[PDB]
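Asks: Structure: model.txt, compact mmCIF, C-alpha atoms (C1' of nucleotides).
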```txt
# COMPACT_ATOMS: atom_id res chain seq x y z
CA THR A 1 0.00 0.00 0.00
CA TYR A 2 0.99 3.65 -0.41
CA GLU A 3 1.13 4.24 3.35
CA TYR A 4 3.23 1.10 3.91
CA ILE A 5 5.90 2.61 1.65
CA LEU A 6 6.25 5.80 3.69
CA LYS A 7 6.01 3.85 6.95
CA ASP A 8 8.62 1.23 5.96
CA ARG A 9 11.35 2.57 3.67
CA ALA A 10 14.30 0.64 5.13
CA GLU A 11 12.73 -2.80 4.67
CA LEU A 12 11.61 -2.24 1.07
CA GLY A 13 14.60 -0.06 0.19
CA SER A 14 17.18 -2.70 1.14
CA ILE A 15 15.83 -5.10 -1.52
CA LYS A 16 16.70 -4.85 -5.20
CA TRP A 17 13.92 -4.56 -7.78
CA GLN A 18 13.66 -4.37 -11.57
CA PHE A 19 9.97 -3.81 -12.47
CA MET A 20 7.45 -1.46 -10.86
CA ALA A 21 3.71 -1.32 -11.59
CA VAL A 22 1.11 0.97 -10.05
CA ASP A 23 -2.66 1.24 -10.49
CA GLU A 24 -4.29 4.69 -10.32
CA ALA A 25 -0.98 6.58 -10.46
CA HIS A 26 -2.64 9.98 -9.96
CA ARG A 27 -0.93 10.36 -6.57
CA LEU A 28 2.18 11.68 -8.40
CA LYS A 29 0.42 14.91 -9.42
CA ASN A 30 3.00 17.07 -7.61
CA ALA A 31 6.74 16.42 -7.77
CA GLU A 32 7.22 17.69 -4.19
CA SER A 33 5.55 14.79 -2.35
CA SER A 34 6.97 12.05 -0.15
CA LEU A 35 5.77 9.26 -2.47
CA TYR A 36 7.34 10.87 -5.55
CA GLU A 37 10.80 11.02 -3.97
CA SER A 38 10.19 7.69 -2.21
CA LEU A 39 9.54 5.70 -5.39
CA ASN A 40 12.67 7.22 -6.93
CA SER A 41 14.83 5.85 -4.10
CA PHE A 42 14.25 2.20 -5.03
CA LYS A 43 17.03 1.05 -7.37
CA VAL A 44 14.87 -0.37 -10.18
CA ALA A 45 15.44 -0.97 -13.90
CA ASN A 46 12.07 -0.51 -15.64
CA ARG A 47 8.79 1.11 -14.62
CA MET A 48 5.21 1.11 -15.89
CA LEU A 49 2.42 3.59 -15.10
CA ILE A 50 -1.13 2.29 -15.52
CA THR A 51 -3.55 5.19 -15.08
CA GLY A 52 -5.68 7.70 -16.94
CA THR A 53 -4.99 10.96 -15.14
CA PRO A 54 -5.81 14.22 -16.99
CA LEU A 55 -2.36 15.42 -18.09
CA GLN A 56 -3.73 18.67 -19.57
CA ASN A 57 -4.77 20.90 -16.64
CA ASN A 58 -1.20 21.27 -15.34
CA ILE A 59 2.13 20.84 -17.11
CA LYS A 60 3.78 19.67 -13.87
CA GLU A 61 1.74 16.45 -14.05
CA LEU A 62 2.80 15.38 -17.55
CA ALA A 63 6.34 16.65 -16.97
CA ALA A 64 6.34 14.86 -13.61
CA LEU A 65 5.43 11.61 -15.38
CA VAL A 66 8.16 12.33 -17.95
CA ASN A 67 11.06 12.93 -15.54
CA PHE A 68 9.69 10.32 -13.11
CA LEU A 69 10.79 7.54 -15.49
CA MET A 70 13.22 9.44 -17.76
CA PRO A 71 15.29 11.93 -15.70
CA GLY A 72 16.58 14.52 -18.14
CA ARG A 73 13.79 14.96 -20.66
CA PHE A 74 11.61 18.08 -20.70
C1' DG B 1 2.62 8.84 67.40
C1' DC B 2 -0.87 6.29 65.91
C1' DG B 3 -4.79 4.74 63.82
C1' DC B 4 -8.87 5.03 60.53
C1' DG B 5 -10.41 5.76 56.21
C1' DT B 6 -10.56 6.23 51.71
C1' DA B 7 -8.95 8.20 47.52
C1' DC B 8 -5.82 7.96 44.05
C1' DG B 9 -2.14 4.82 41.46
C1' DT B 10 -1.64 0.83 38.64
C1' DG B 11 -3.70 -2.55 35.40
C1' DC B 12 -6.63 -4.32 31.22
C1' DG B 13 -9.78 -4.01 28.31
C1' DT B 14 -12.68 -1.15 25.48
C1' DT B 15 -12.88 2.93 22.65
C1' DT B 16 -12.28 7.01 20.67
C1' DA B 17 -9.53 10.67 17.89
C1' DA B 18 -4.74 12.30 17.21
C1' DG B 19 -1.14 12.11 14.05
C1' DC B 20 0.37 10.91 9.12
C1' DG B 21 1.27 12.19 4.63
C1' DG B 22 -2.11 13.33 0.10
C1' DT B 23 -4.48 16.81 -2.45
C1' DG B 24 -6.95 21.18 -3.42
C1' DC B 25 -8.06 26.01 -2.97
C1' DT B 26 -7.77 30.61 -2.33
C1' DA B 27 -6.76 34.33 1.19
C1' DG B 28 -4.20 36.98 3.09
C1' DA B 29 0.95 38.45 3.80
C1' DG B 30 4.67 40.55 1.19
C1' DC B 31 6.26 42.80 -2.36
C1' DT B 32 6.23 46.69 -5.26
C1' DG B 33 5.34 51.39 -7.12
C1' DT B 34 3.83 56.04 -7.39
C1' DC B 35 1.68 60.94 -4.44
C1' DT B 36 1.58 63.63 -1.29
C1' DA B 37 0.28 64.81 3.25
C1' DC B 38 2.36 65.72 7.90
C1' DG B 39 6.46 66.10 10.79
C1' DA B 40 10.85 67.87 11.45
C1' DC B 41 13.50 72.45 11.45
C1' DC B 42 14.51 77.37 11.86
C1' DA B 43 12.46 81.82 12.97
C1' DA B 44 10.26 85.56 16.44
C1' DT B 45 6.68 86.68 19.59
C1' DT B 46 4.11 85.71 23.58
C1' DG B 47 2.08 83.87 28.44
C1' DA B 48 1.98 79.61 30.92
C1' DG B 49 4.75 77.80 34.42
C1' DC B 50 8.12 77.83 38.42
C1' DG B 51 10.38 79.87 42.53
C1' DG B 52 9.54 83.08 46.25
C1' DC B 53 6.86 84.58 49.28
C1' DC B 54 3.30 85.26 52.62
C1' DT B 55 -3.29 85.18 53.02
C1' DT B 56 -7.80 84.99 55.15
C1' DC B 57 -11.92 82.81 56.89
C1' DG B 58 -13.86 78.75 59.14
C1' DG B 59 -13.77 74.87 62.37
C1' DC B 60 -12.09 72.14 66.54
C1' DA B 61 -11.93 72.88 71.34
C1' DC B 62 -11.09 75.23 74.74
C1' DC B 63 -14.34 79.39 77.49
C1' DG B 64 -17.52 83.65 79.77
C1' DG B 65 -21.22 86.15 82.50
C1' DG B 66 -25.48 86.10 85.13
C1' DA B 67 -29.42 84.34 87.86
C1' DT B 68 -30.27 80.69 91.09
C1' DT B 69 -29.81 76.87 94.53
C1' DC B 70 -27.76 74.94 98.91
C1' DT B 71 -25.05 75.34 103.07
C1' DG B 72 -23.94 78.03 107.69
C1' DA B 73 -24.35 81.29 112.10
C1' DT B 74 -28.33 83.56 114.47
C1' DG B 75 -32.25 83.90 118.02
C1' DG B 76 -36.69 84.43 120.80
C1' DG B 77 -39.35 80.95 123.73
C1' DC B 78 -40.74 76.70 126.21
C1' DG B 79 -38.33 73.35 129.10
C1' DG B 80 -35.27 71.29 132.00
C1' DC B 81 -30.35 71.46 135.24
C1' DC B 82 -30.84 69.23 140.23
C1' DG B 83 -27.82 72.00 143.26
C1' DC B 84 -25.94 76.09 146.04
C1' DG B 85 -28.38 79.59 148.78
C1' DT B 86 -30.85 83.02 151.77
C1' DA B 87 -34.84 83.54 155.35
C1' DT B 88 -37.65 82.20 159.34
```
Transcribe the structure of this file into structure tokens.

Replies:
Amino acid sequence: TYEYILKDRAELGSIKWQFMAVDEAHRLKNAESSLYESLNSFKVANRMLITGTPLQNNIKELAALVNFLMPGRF
DNA sequence: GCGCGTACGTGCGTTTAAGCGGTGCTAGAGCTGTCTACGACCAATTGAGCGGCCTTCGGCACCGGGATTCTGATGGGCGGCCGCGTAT
């Protein structure tokens, strides 16, 4: 669960991962949240976002989903 | 010191609401930008304010004069002294 990530970061962070999937990924609307920086701490290889959030009301949402998986792109 | 009483500490179970991190929204602080009113400053004149000096009537508490009330020597008259004293 989302709260179990913020509550337990040392147990899940000490394990290596390679694939990450999330349903209803609208929680990453702002790039200044604890979950946004928390998911970026896990050393993974590939990610996958399965959601249908409106990426047109704010550019920080689409850009947040761009740099969330590809750090460097605009 | 001692003794009576009971209330408050310690426990468990039940229960209730803080704390967490999640998002959204807009209000109200903070910044910013132009104008100008109100306060500082310098001037000259004026009387409120301070030192210097002594004021007057009213109120607390001691006072003042005059009629009136109570105590003391005075005094004739009715009675009692029984004891020295003159007359036959």

Asks: Compute the chain A side of the contact with chain B at 10 Å, counting only C-alpha atoms (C1' of nucleotides), and hand it back as an MDAnalysis selection string.

Replies: chainID A and resid 2:3 6:7 27:30 33:35

Asks: Would you mind exporting C-alpha atoms of the selected residues as a PDB file, in the coordinates of the input?

Replies:
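Result went into again_24.pdb, see below:
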```pdb
ATOM      1  CA  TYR A   2       0.990   3.650  -0.410  1.00  0.00           C
ATOM      2  CA  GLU A   3       1.130   4.240   3.350  1.00  0.00           C
ATOM      3  CA  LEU A   6       6.250   5.800   3.690  1.00  0.00           C
ATOM      4  CA  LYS A   7       6.010   3.850   6.950  1.00  0.00           C
ATOM      5  CA  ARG A  27      -0.930  10.360  -6.570  1.00  0.00           C
ATOM      6  CA  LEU A  28       2.180  11.680  -8.400  1.00  0.00           C
ATOM      7  CA  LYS A  29       0.420  14.910  -9.420  1.00  0.00           C
ATOM      8  CA  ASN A  30       3.000  17.070  -7.610  1.00  0.00           C
ATOM      9  CA  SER A  33       5.550  14.790  -2.350  1.00  0.00           C
ATOM     10  CA  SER A  34       6.970  12.050  -0.150  1.00  0.00           C
ATOM     11  CA  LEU A  35       5.770   9.260  -2.470  1.00  0.00           C
TER      12      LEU A  35
END
```

Asks: Point out the residue among A:70, A:44, A:49, A:55 with the least atom-to-atom distance to residue A:14, counting only C-alpha atoms.

Replies: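 With only C-alpha atoms as the atom set, the closest residue is A:44.
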
Asks: So what do you get for atom CA of residue A:62 versus atom CA of residue A:23, distance-wise?

Replies: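 Separation between atom CA of residue A:62 and atom CA of residue A:23: 16.7 Å.
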
Asks: Give me the residues within 12 Å of residue A:47 as a PyMOL selection string, counting only C-alpha atoms (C1' of nucleotides) and dropping any in the same chain fewer than 2 places off.

Replies: chain A and resi 17-22+25+39-40+42-45+49-50+65-66+68-70

Asks: Record the distance separating atom CA of residue A:52 and atom CA of residue A:24, expressed in Å with one decimal.

Replies: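 Here the two named atoms are 7.4 Å from each other.
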